[PDB]
Structure formats: structure tokens, C-alpha cells
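Topology and contacts: notes
This is what each chain is made of:
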Amino acid sequence: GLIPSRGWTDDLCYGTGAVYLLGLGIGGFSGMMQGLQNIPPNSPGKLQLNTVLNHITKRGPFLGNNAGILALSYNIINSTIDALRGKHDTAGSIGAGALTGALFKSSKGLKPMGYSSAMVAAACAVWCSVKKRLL
Amino acid sequence: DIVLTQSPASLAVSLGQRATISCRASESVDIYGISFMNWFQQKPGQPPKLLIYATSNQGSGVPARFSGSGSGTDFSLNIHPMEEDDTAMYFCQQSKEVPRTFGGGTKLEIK
Amino acid sequence: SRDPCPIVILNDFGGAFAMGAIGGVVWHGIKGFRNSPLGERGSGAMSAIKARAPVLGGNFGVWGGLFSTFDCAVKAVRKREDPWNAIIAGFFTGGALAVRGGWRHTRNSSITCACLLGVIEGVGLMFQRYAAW
Amino acid sequence: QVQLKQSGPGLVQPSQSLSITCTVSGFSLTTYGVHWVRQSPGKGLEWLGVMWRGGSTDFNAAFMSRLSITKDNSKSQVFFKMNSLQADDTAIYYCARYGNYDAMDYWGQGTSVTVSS
Amino acid sequence: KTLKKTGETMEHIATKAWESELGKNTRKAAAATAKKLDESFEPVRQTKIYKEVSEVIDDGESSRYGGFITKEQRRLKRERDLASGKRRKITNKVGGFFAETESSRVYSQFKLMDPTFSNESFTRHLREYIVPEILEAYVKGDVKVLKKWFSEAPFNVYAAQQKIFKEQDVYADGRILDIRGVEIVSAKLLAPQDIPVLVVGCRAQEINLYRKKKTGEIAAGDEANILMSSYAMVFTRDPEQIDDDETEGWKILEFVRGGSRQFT
Ligand SMILES: CCCCCCCCCCCCCCCCCCCC(=O)O[C@H](COC(=O)CCCCCCCCCCCCCC)COP(=O)(O)OCCN
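The rules behind these values
Counting of residues begins from 1 for each chain and follows its sequence as written, which need not mirror the entry numbering; any residue without coordinates is not displayed. Chain letters start at A and ligand numbers start at 1, both assigned in the order the entries are written. Hydrogen atoms and water are omitted, and side-chain values are computed over all heavy atoms in the structure. Residues with missing side-chain atoms are left out of burial classes, side-chain pairs and their counts. Think of it this way: one heavy atom of a residue within 4 Å of a molecule or strand is enough to make that residue near it. Polar contact is defined as a pair of N or O atoms within 3.5 Å, subject to the rule that within protein one atom must be able to donate a hydrogen and the other to accept it, and that residues adjacent in sequence are counted only when both atoms are side-chain atoms. A 1.4 Å probe and the Shrake-Rupley method give the accessible areas. Residues count as covered only by the protein chains that appear here. Numbering of helices and strands runs from the N terminus; a helix is a DSSP stretch of H or I covering at least four residues, while a strand is a stretch of E covering at least two. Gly falls in the polar group here, along with every residue not listed as nonpolar (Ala, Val, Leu, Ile, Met, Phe, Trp, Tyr, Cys, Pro) or charged (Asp, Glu, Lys, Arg). Domain delimitation follows an automatic or database domain assignment. When DSSP finds two or more bridges between a pair of strands, those strands are recorded as paired. Contact criterion: two residues are considered in contact whenever any of their non-hydrogen atoms come within 4.5 Å of each other. Our working definition of a disulfide is a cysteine sulfur pair at a distance within 2.5 Å. Angles run from 0 to 180 degrees between N-to-C directions of axes, and those axes are lines fitted to C-alpha atoms, restricted for helices to the stretch in contact. Two helices crossing with the near one rotated counterclockwise from the far one by less than a right angle form a left-handed crossing, whereas a clockwise rotation gives a right-handed crossing. Pairing of aromatic rings covers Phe, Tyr and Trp, the last counted by its six-membered ring, and requires centre-to-centre distances within 6.5 Å; plane angles under 30 degrees mean stacked, over 60 mean edge-to-face, and any other angle means tilted. Accessible area is worked out with a 1.4 Å probe on protein chains only. A residue is then buried under 20% of its type maximum, exposed over 50%, and partly exposed in between.

Method of determination, as given in the entry header: cryo-EM; reported resolution: 2.9 Å.

With the PDB entry as reference, chain B is termed Antibody Fab fragment light chain, source organism Mus musculus. The title given for this PDB entry is "Cryo-EM structure of the endogenous core TIM23 complex from S. cerevisiae".

The name recorded for chain A in the PDB entry is Mitochondrial import inner membrane translocase subunit TIM23, from Saccharomyces cerevisiae.

In C-alpha cells form, the structure reads like this:
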């Protein structure tokens, strides 16, 4: 099907770029909605455009770069725990997610571990269901 | 350069009490609001020992009983409580301008 | 060889993101090591990596991901494979990313990037000429 | 640890030259500087010159015509010299490394110099 | 004049569409649902889980990417944290990597002054409080704030400039719209005393204009002229007055504005 998966770098590059663009679009759209509610009244056109663009280009990069690092670390960890394990399954991807979320918030403590590792593992769970359904 | 006049020339206090040594710079030794007045201690057969730098900062490993204060042109060194160990010769040294100049020294003893 | 053109865009968005994030781990891990105090050089390298490696991945990721998008836009229109595809693609990607700075900064950044890709394309062309001998 | 060690001559003949070498260890002369200070008994501590952290020298105006301070980063040595010594130059010569806020934190052991015959 | 004339047509077309009865009604209906959507999800935000999940995704680290922290939301956030939160040859070359350097001397001194100091901890404090507080005062001519932060050298340059404006009866009322790139550019020792300083850079969007004091009309700049200026700050901390409430020791030895270019 789509998304050539001949190697492990093509998984690491298509996955990092598909989740980077999902962070940019979602973060940009989330910023654009926020920037329309933060326009000061009686502002000229050049400032209203500037106000919205300032929110798009702050939430855009923020979620894009945070989703891309999680998609890098997942793909590095997923490929690593495929080589040792010798195969890929949904369980191997879920373990690569929960372990990615834990390493994401290593310095934050232990309470952030659970929230972060559950979300990344759940996102992998959604991905593993979407991956099977689409293919 | 800056003539640091240090008083008293000699001082004798008992153990556990506070001994105060004063310095009086001819000019102001402040750069960016930081007074560059270093305090040194010299036992008879040893090189000088940095106690205080930048008028208040303890030297590396200097006991907490050495306190540096003052600003502008009047500075002070307080040893409290004073132990039998720290009987020595104490100098004030301005590091604002070249040449660096030292105080006349204050011989501090035990009663 | 190269994957289909409307799909390599994901492979260039994510392949450039990986080049900047790993390139920003060595760059800012070293930079954070030199700066931090004597007893905190390993915590200052972790803090510098976490703060700045994601940002360089996005900077690389969007430049190398827009350059690929415009490369497919030129290829799907110009319908050739001449090295002026990367010249025009580098032209539009440098001026797109510099669009908030005005119409004079967009022009200067367009000309700078197109000329920058001219040197890169020229080096490759001269490289194969020497290799032919 | 940090340690400054001096190797100079005592009992300098009058109208001769004095040379102290301050071999440093625990730090590099590229990142730190070394003051040169003298302590007479009748004139007290006094500053002769300095090897600034960058590598440039600066001397006391009363000794600038005599002093000469040069370093050598590779060997971790600072060289001090005075062209002519009289009876008033007998004292103890220290090399003192200076740190933040020009704090002479580490000092050499001192070179007891005598000028007589 | 093609770009300027087209901009007027584009601005007027949007102005006509924005003021159109259909467009305004659609915007109001969309805005009304936004209030309902937030109100519907408002109880979810009150949940303890949402506070922790939001503190994991964002954590307040999105401030690296821009934003201006309004003066009221800047003082309240500061006082809140202060109340609870802030209250062979290759081996030789490898050895030289771990050796002390001028950057290490500077950073170690500020760590002696505050045991919590780090490049990340101060850059966070700079980005969230110090730089916005100084830039906002700089553009608005607030000399009460800049007196605390600026040293006597950069403030006397500022208060001499503010005396020129008073002679011509204009007052600065500028704006900061976005601050980006707040970083400790370098850590150097100011020779010959080896005064440890941090060189801080940033890029602020800003509207620079001056209004006549008596009337209030434009006297310089334009009410809509955004500039992407770069600021260089030299920071040192004083060991005394480190217990100061506002500055807590930190002082600005140099303040240079440069690299101003148009933005939007
Ligand atoms: C602050 C963060 C905010 C983020 C906001 C945006 C989040 C976007 C979430 C998107 C969820 C759906 C992901 C769709 C990915 C499409 C990938 C298409 C190309 C592709 O197949 O790449 C795969 C990798 O995907 C992947 O790697 C995707 C799974 C990993 C996603 C992790 C990042 C998202 C985290 C979301 C929660 C955030 C929590 C923050 C604490 C390859 O892999 P393969 O399975 O074929 O490999 C097999 C062995 N080589």
C-alpha cells in the first residue's frame, strides 16, 4: 500500500513527518482559533492579522516539534525493540509508546510518567487500529 | 592610586567576642555598583589568605564567622565569634583600578 | 530509488526533522556542556538538548519539507528533471518561510536561497565531471 | 587541586636581576591570571604587576621600567623579572592567581629575596 | 503602487465582507457556539485530571515559541509562584572538554549566589518575567521600572533620551506584541576585574510611536507599524540586594537595541 516501509529509516521518516504535520496543523489551527479570540478591539487590519499569526506560529511549532520528537523517539524505540524481539506486533508498538511517554517526561517526576505514558500508548493504540483498518 | 587607610593598626579582643576591622578607601571602589574590596588574612609564615571578595563574598572555604560589609569608601571586617586560631594580620585590598593597593594591615590578637 | 513525489513530502518533512533534532542534540549537548557550572555539566547538556533540539527539528523539518513540496509542485508542472527544479523549489521555499518579514525580505530570502541552491547544484555537476575523467 | 609554586633566587646581589618562575597547576593560564605581589616588612604588601587572564601585562607605575612578566601557557609557568634591585627590594614575592571579582584566591608560597652582599 | 493598491482592495474586500450582514451574522453565530463549547467543556477543565494533563502537554514550556505576558498576568503569576512555588592526543583533547572555561567560571559564580541557578532556570525567569518587564517599560518610557533594573550607565543613557522627548513635549506609548528568542547568548567575564556577566538576547515585535503630550496626535512612528527588533542585554547579579523583591540582585549593565526590521 501507501507509505513505503522497505526500511526502518522510512518508518522513522514517514512517521516523524506525518506526526510533525499533524502537530503543525492541529497546533496551528488551535492557535488560530485562540488568536481570533485574543484580537484587541478597535485594532487595525495589520495588527489583527499579526495577532492571529503570532498564535498560529507559536502553537504551531510547539505541538509540531513536540509531536515530532515523540514520533522520533517512538520510531527509534519501536525499531530497537523490534530488532531484539525479532518481530512487530501491536503489543510491541504499545510498549514502544508507553516507554516513549515515560522518557518524554523523565525530569518532570513520576506523576507525569503515568499521564504521558498513557497518552502516547493510547495514541499508538489508535495508530495500531488505524494502521490495521487502513491496510 | 587609591590609598586604603585601615584602622585600627592593632586590636586585642577576647575569645568569642566580635572584632571589627575598618578600611577607608581614598576614592570609591565601585564598578557597576559592586565594591571591589577584598579582605585578606596573613599568618606570620604563610602567604595571605583571601577571606572576603567583592566586599561581602566569603572566599572558598572561609568560615562563616568572617563578615564583610561597607560600601562607597568605608568598609569593615567582623570576626564573630573570634576563635583563638584567627589571630593574624588583616588587609583590605581594592581591585577597582590599577595599581592594586593594600591596606596597612591590622594586627589582631587575644586578650 | 526515490518514492513517489506526492508522498516523499512526508519523508522529507520527517527526514529533515530527524536531521535537525539529532543535529541539535550534539550541537546543544556540547553547547550546554561548555556553559553550565563545574558540577552541573551533564544536567546543563540535558536541559539544553530538551529546550533546543525540538526547535531545530522544526526549523529543519519545515525548510526541508517545504522545499520538497515546491519540488513536487515544480516537477508536476514543469514536467522535466532538469536541475532547475531545485533552483525554483529553493526559490519558493526561502521566500515562503520569510513572508512575514515583508516583500523585500521575502525577495532577498528568495534570491539568497535560489543562489544558495545554485552553488549546491553546481558543486554536484562539477563533482560528476571530475569523476568522469 | 590548585597550586602555585615559585622557583626563584634568594640573596640577590645589589644592582642585579631577580627572576621568579611561578609554575602553576590545577588551572590553565588561558582561563586565569596571576598577580605578582610583594611584601616588605617596612612597606607592607604591594602590587608589582599582573598577567591578565587574556595574556596582557600591566605593572605598577613605580616598577614599570624594571618589571617584565611573561608567561608560557604550554608549560603552565609565569615568569617574573626585575632589571635592577637595591636594598629596598628585599621582600617576599608572591604570585597570586585571581578569579572572579579579581579575588586573589590562590597564592604562591612566596620567594624570600634578600638584596645584600 | 501595485502592491499598495492591491492591499487596499484586499483590505476593503475583507472590510466589506467582515461588515457584511451575512458575514457578521455568521461570525456572531460562530462566536456564540465558541462560548457554548467552552462553557460545555468548562466543568471538564475544573477536573484535577485536566489540570495535570494540561500541565503535561504544555507545562508552560510553549513560551519559548513566543508570546507577550501582559503586565497584570505577569505580576500575578510571579506573586503566585513566590507564594507557593518559588518560596593519546585524543584523550588530551577529551580532557580539555571537561576543563574549566570562562563560561564555566561565570555560571559557577551565579550558582554560588543562588544554589538553584542554571541556564534553563534563568532563561525561564528571563523569558517569563525579566525580559517582558524590561522591554515593556523601555517602549512605554517607564523609568520607575528601568531604574531598578538598569545600572547607572545604561539608565543615564535612557533618562537622557527621555529628557529630549520632554523638551519636545512627546511621550512614548509603544507596545510589545511578541517576544521571541529569549536566550543567554553568552557568559563572559568583564575584564580586568573578571565580573561574571550573562549576555542575553531576544527578538521583540513592537509598535514604536510617540504622542504629543498636550494633544495626543501622532508625533513619530505609526500606530500600525510593527518592528522586529533585536535586543542585547548584559546581566550581572549583585551579591548584596539579592533579597530584593523585584530584581532579586539581577542588574543590566548594557542594553542595546538593534536589528530593527518590519514585521507582520
Ligand atoms: C504535546 C504533543 C501534542 C501532539 C499533537 C499531535 C499528535 C498527533 C497524534 C497522531 C496520532 C495518529 C498518528 C498517525 C501517524 C501516521 C504515520 C504514517 C506513516 C507511518 O506509517 O509511520 C509509522 C509511525 O507512526 C507513528 O510513529 C505514530 C505513533 C506515535 C505517535 C506519538 C506522537 C503523538 C502523541 C500524542 C499524545 C501526546 C502526549 C504528549 C505527552 C511507522 O511506524 P510502524 O508502526 O509502521 O513501524 C513498524 C516497524 N518499523
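After that view of the structure, there is still more to cover.
1. Let's talk about the site of the ligand
In the vicinity of the ligand, 23 residues are found, and the nearest of them are A:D11, A:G15, A:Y74, A:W127 and A:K131. Within the side chain of A:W127, one N or O atom sits 3.3 Å away from an oxygen atom of the ligand. The separation between an oxygen atom of the ligand and a polar side-chain atom of A:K131 is 3.1 Å. For the ligand, the protein covers 86% of the area, taking 1100 Å² as the surface of the free molecule. Of all elements in the fold, only α1 (8-36), α2 (45-83) and α4 (111-134) of chain A together with α3 (48-57) of chain E reach the threshold of two or more residues within the shell around the ligand. In terms of residue count, the dominant contributor to the shell around the ligand is α2(A) (eight residues). Of the residues in the shell around the ligand, the class split is 14 nonpolar, six polar and three charged. Residues lining the shell around the ligand come from more than one domain, with at least three contributed by each of domain 1 (1-87) and domain 2 (89-135) of chain A.

2. Notes on the pairing of strand β4 (residues 218-237) of chain E
Residue and element names in this part refer to chain E. When strand β3 (residues 195-212) meets β4, the two strands line up antiparallel, connected through 13 bridges. Bridged to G201 within β4 is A232. The hairpin turn running from β3 into β4, its antiparallel successor, is five residues long, and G216 in that turn takes a positive phi close to 115 degrees. One ladder, built from eight bridges, connects β4 with strand β5 (residues 250-258); its direction is antiparallel. Of the residues in β5, the one forming a bridge with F235 is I252.

3. Description of the interface of chain C and chain A
The partner chain A presents 22 residues to the 19 residues of chain C that form the contact. Contributions of two or more residues to the side of chain C that touches chain A are made by α1 (5-35) and α2 (41-78) of chain C. Looking at the side of chain C that touches chain A element by element, the count peaks at 10 residues for α1(C). For the side of chain C that touches chain A, the class distribution of residues is 10 nonpolar, six polar and three charged.

4. Points about the domain arrangement of chain A
Residue and element names in this part refer to chain A. Annotation of chain A at the domain level lists domain 1 (1-87) and domain 2 (89-135). With centres defined by C-alpha atoms, the gap from domain 1 to domain 2 works out at 17 Å. Facing the nine residues of domain 1 at the interface are 14 residues of domain 2. Residue classes in the side of domain 1 that touches domain 2 are distributed as four nonpolar, three polar and two charged.

5. Comments concerning the state of the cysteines
All names here are of chain B. For the structure shown, the criterion picks out three disulfides over all chains. The disulfide bridge from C23 ends at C92, spanning 2.0 Å between sulfur atoms. Because the sign of the S-S torsion sets the handedness, a value of about 70 degrees for the bond joining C23 and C92 places this disulfide among the right-handed ones. One end of the pair, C23, is in strand β3 (residues 19-24); the other, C92, is in strand β11 (residues 89-94), with 69 residues separating them in the sequence.

6. With respect to the pairing of strand β2 (residues 175-190) of chain E
Residues and elements named next belong to chain E. Where β2 lies against β3, 12 bridges are found, and the strand directions are antiparallel. By the bridge assignment, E183 is partnered in β3 with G201. What sits between the antiparallel neighbours β2 and β3 is a turn of four residues, in which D194 has the positive phi angle 55 degrees.

7. Looking at the packing of helix α3 (residues 84-96) of chain C against helix α4 (residues 103-132) of chain C
Residue and element names in this part refer to chain C. Two elements in contact, α3 and α4, have axes separated by 7 Å at closest approach and are oriented at 145 degrees. The interaxial crossing formed by α3 with α4 has right-handed handedness. Mapping the contact onto sequence places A86, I87, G90, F91, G94 and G95 in α3 and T106, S109, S110, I111, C113, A114, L117, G118 and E121 in α4. Of the residues belonging to the contact of α3 with α4, the class tally is seven nonpolar, seven polar and one charged.

8. So, the arrangement of the chains
Regarding chain B and chain C, which are not in contact, the minimum distance between any of their C-alpha atoms is 15 Å. At the C-alpha level, the nearest point of chain A lies 32 Å from chain D, with no contact between them.

9. A closer look at the packing of aromatic side chains
All names here are of chain E. Evaluation of the coordinates by the stated rule reveals 35 aromatic pairs over all chains. On the basis of an interplanar angle of 80 degrees and a centroid distance of 5.9 Å, the ring pair of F122 and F235 is categorised as edge-to-face. Of this pair, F122 sits in helix α7 (residues 119-140) while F235 is found in strand β4, placing the two residues 113 residues apart along the sequence. Taking 6.4 Å as the distance between ring centres and 75 degrees as the angle between the ring planes, the aromatic pair formed by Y138 and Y231 counts as edge-to-face. Taken as a pair, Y138 in helix α7 and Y231 in strand β4 lie far apart in primary sequence, 93 residues in all. For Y138, a relative accessible area of 23% gives the class partly exposed.

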